[PDB]
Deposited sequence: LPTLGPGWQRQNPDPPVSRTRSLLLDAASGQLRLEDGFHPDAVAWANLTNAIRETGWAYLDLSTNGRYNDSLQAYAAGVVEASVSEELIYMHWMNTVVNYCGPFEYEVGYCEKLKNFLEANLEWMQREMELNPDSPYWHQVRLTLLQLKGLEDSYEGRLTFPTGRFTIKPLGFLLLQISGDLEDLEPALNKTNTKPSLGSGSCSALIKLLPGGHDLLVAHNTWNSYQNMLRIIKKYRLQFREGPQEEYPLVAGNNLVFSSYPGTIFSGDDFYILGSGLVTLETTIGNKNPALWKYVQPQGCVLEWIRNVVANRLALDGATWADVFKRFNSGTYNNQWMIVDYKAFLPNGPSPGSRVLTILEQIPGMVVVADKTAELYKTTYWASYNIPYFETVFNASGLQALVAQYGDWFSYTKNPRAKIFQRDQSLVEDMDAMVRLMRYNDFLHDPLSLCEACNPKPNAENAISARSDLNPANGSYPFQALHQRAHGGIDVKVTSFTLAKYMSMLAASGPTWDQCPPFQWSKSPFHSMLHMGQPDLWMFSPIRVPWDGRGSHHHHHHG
């Protein structure tokens, strides 16, 4: 991309068509601004806004159009790095790809019918806006605008598999594809004397996904299809994202409603549960994620909306922090501050864990579900019995590191240092006994899988050498959320581990267009470089 690029989408009355322009224009349906600083900071920055004098449907479709236009090259590169050959005209597993094509077409169609049968329903109005935005993104990148007034078709293997990237980790085993992760860590820390409440997230992902865009949507959507509806509470939102992906993905959101939402992927290892993964009655996580962010005021409200049409795909522990319920220096309000939701196929458990947050002064998060029920139901007891405390909730490497180091986070920088922490060679809690060598780079808060020897003896895939591990840290406070801001550090950890460099890594061969060769980037404050 350029250093900075600005686009606007106007409803041209000379033709009744939508067309793109360059620069800010006040009466445009939507306008976007992408600042690329991936070379200097490891982040691109996108500020997107829609005009509230047009209907939500047009606003939404436009929001996709303007985003795609400012971020063309990044979308191309990210596509080329991540999901370019996924179910291509060659896929070895021709059985699976047919089943996935059928599942998604049947699913998208089911959503279309629900919209057609429920024109007055807020919830299905919210899904349509989300799907219209994806339509916009795609049509804009394809360079042929066409605003649908009624029913419309979304291409199964287009920009959808940029959104369902997380959902796919559960769809493959559900559809009998033959072929670990850990996938993220999070910390919610209450500071001494209740001075402030810090919430942070660290994405674990493949290093190929390391094209990053911090996105700020300032929208003007309403709760329902009629215009007598009030504007949605979650109209303003800042979040860590990727090119094309119209939602977080790694999952860190700061909403203008005083809500901070984030997750860690708990997954599911019980196959008798894939039967609850269906085309009809299921909405893929990423949409539910968005719809919930948009409508929520409370943590309880958020939970309610996300639960609807649970898909059993992209199975997470969802932390919903409500800063409206947080009083600086005050005591426990007893409720409303922290809500934990956990999802597995056919099961969703919700609880208000405010008392817990205040009693223990923190909430940690990793690949292991909290709720005793979910843990058993997802079939983790067999893995504890087979592989020991690595699958235990309170005894896994990461759980222990938090247990003895979490009290040290006293401010923002202290939080970053912990969330970036990885010293597997010298920390006794990173030792794997079933391994050879014993120390493992997975057994840290910010994983660094590439630094494991390619010829080691490991009990399971998650501990093998991989172009995978922690790839970012995002942190926010009370005051910083009040001002829609965060601290963000891009790339794998280099606090103690040698900084990641593609050239010098055993993965030099893997393609990574637009990615910096060396990753030595420091945290920065948004908004804007």
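The deposited sequence has C-alpha coordinates everywhere except the stretches 1-14, 194-198, 549-559.
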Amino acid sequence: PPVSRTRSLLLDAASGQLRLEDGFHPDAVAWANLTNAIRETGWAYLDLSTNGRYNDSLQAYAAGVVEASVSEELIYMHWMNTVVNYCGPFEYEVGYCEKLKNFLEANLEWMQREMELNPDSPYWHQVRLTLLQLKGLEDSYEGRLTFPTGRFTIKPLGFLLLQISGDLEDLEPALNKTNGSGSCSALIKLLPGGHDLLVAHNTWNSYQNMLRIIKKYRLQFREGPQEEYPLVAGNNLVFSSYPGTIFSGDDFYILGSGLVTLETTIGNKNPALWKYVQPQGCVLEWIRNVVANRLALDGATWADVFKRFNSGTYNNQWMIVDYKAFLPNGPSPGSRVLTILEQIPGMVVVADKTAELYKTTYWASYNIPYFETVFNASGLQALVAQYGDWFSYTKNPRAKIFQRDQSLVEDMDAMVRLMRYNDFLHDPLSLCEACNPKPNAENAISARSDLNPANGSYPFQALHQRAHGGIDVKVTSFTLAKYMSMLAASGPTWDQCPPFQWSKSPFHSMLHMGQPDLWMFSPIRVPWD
From here on, numbers count along this sequence of modelled residues.
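Taking the mean C-alpha B-factor of each stretch as recorded, 271-279 and 337-345 are not equal, and the higher mean is that of 271-279. Higher average CA B factor: 49-57, of the stretches 49-57 and 466-474. In the PDB entry, the Cα temperature factor peaks, among 180, 194, 299, 136, at 180. Per the PDB record, 174 has a higher Cα B-factor than any other of 412, 174, 111, 129.
When the CA B factors of the chain's modelled residues are split into thirds, the value for residue 455 lands in the highest one.
Looking at the C-alpha B-factors along this chain, the one for residue 310 belongs to the lowest third. In the PDB entry, a CA B factor belonging to the lowest third of its chain's modelled residues is recorded for residue 492. Annotation for residue 144: CA B-factor lies in the highest third of the chain's modelled residues.
Ranked by Cα temperature factor within the chain, residue 266 sits in the middle third according to the deposited record.
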